[PDB]
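Let me begin by presenting the structure, written as structure tokens, before commenting on it.
Here the Cβ positions follow ideal geometry from the backbone for every residue, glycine too, while neighbour counts run over all protein chains shown. Here, each number is a calculation from the coordinates, and none is a lab measurement.
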């Protein structure tokens, strides 16, 4: 299913996210998993693309939880 | 953004 597709890609993305955000990795990975599979495969191939997506999700999350 | 702060926390599986 698409859900297991995302979950499987999440399994590869999570440790890369956790290496820079060990506390928020679960939440940041889940946010990123909204993206389509082709984009997720791109993030797994390009560490600087994943990093920028992590930073974006960080800023979206902070705005959500602050103001 | 396209990212939602309402997204589910990702949980890894284990054996």
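Scan (1) farther than 23 Å from residue A:2 by Cα; (2) surrounded by 13 or more Cβ atoms within 10 Å (Cβ to Cβ); (3) in contact (Cβ under 8 Å) with a residue 12 or more places away in the chain for the single condition residue A:47 breaks and write down its number.
For residue A:47, the exception is condition (2).
Output the helices (runs of 4 or more DSSP H) that fall wholly within the range A:1-53 and possess 1 or more residues being closer than 18 Å to residue B:8 by Cα, touching a helix residue (DSSP H, G or I) at 6+ places or on another chain (Cβ under 7 Å) and more than 14 Å from chain B (Cβ to nearest Cβ), or say none.
In the range A:1-53, A:37-45 are the helices (runs of 4 or more DSSP H) which contain 1 or more residues that are closer than 18 Å to residue B:8 by Cα, touching a helix residue (DSSP H, G or I) at 6+ places or on another chain (Cβ under 7 Å) and more than 14 Å from chain B (Cβ to nearest Cβ).
Please work out if residue A:54 is at negative phi and surrounded by 15 or more Cβ atoms within 10 Å (Cβ to Cβ).
Spelling it out, residue A:54 is indeed at negative phi and surrounded by 15 or more Cβ atoms within 10 Å (Cβ to Cβ).
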